[PDB]
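As numbered in the entry's author numbering, residues 0 to 25, 36 to 144, 159 to 168 make up the sequence shown, in order.
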Amino acid sequence: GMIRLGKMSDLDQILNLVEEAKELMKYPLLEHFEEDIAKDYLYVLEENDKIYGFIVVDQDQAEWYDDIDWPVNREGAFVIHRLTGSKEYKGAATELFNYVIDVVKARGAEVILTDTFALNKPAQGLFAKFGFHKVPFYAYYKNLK
């Protein structure tokens, strides 16, 4: 519902969510976020003018994915590269993850992939919540059928 694509004007909030995540668990990412936004690959969950989480999804797969013996076909698969919610609303992560899974299903996709590094350590439970399967860091896949 008010998940929408992120815009350049949302960057400061996007960055502050990243740093908020880092502070909970304790340069080059600004450039990569700008690119994600330019390519319309980043969605945000927003109420009032405030951003409560974001997610980056596309079909670019990590070069290292090629080093794994996957049990599913990857040709044309979607990939969730990063997902973050907020202190003020942790549930934003779940809504975003879920919104993206629905869009890829609607598009006829069969497989959505991701990896441990897409989520904050304490959010790792979401891999389970959404039925992803592993293939210490892990790569994950979800068969959408």
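Yeah, the Cβ is synthetic: ideal placement off N, Cα and C, and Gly gets one too.
Beta-bridge partners of residue i, as assigned by DSSP
i, result
"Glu56", "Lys59"
"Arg3", "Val53"
"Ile64", "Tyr52, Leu92"
Enclosing beta strand (DSSP E) for residue i [first to last residue]
i, result
"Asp124", "120 to 124"
"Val88", "87 to 93"
Reduced DSSP category for residue i - H, G, I as helix; E, B as strand; rest coil
i, result
"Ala71", "coil"
"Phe141", "coil"
"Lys99", "coil"
"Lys168", "coil"
"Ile110", "helix"
"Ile46", "helix"
For residue j and residue i, the rounded distance between their alpha carbons
i, j, result
"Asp76", "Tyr161", "12 Å"
"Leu39", "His142", "30 Å"
"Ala137", "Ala127", "14 Å"
"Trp79", "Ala86", "12 Å"
"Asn82", "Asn15", "36 Å"
"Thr93", "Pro131", "11 Å"
"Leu23", "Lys96", "9 Å"
"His41", "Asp124", "18 Å"
"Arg3", "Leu10", "14 Å"
"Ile13", "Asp111", "23 Å"
"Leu54", "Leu122", "21 Å"
"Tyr61", "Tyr52", "11 Å"
"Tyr98", "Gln133", "17 Å"
"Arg91", "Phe63", "8 Å"
"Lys165", "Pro37", "29 Å"
Continuous alpha helix (DSSP H) stretch holding residue i: start and end
i, result
"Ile13", "10 to 23"
With three or more C-beta pairs closer than 8 Å as the rule, is the stretch 70 to 83 touching the stretch 105 to 114? no
Does the stretch 110 to 119 come close enough to the stretch 43 to 50 to have 3 or more Cβ pairs within less than 8 Å? no
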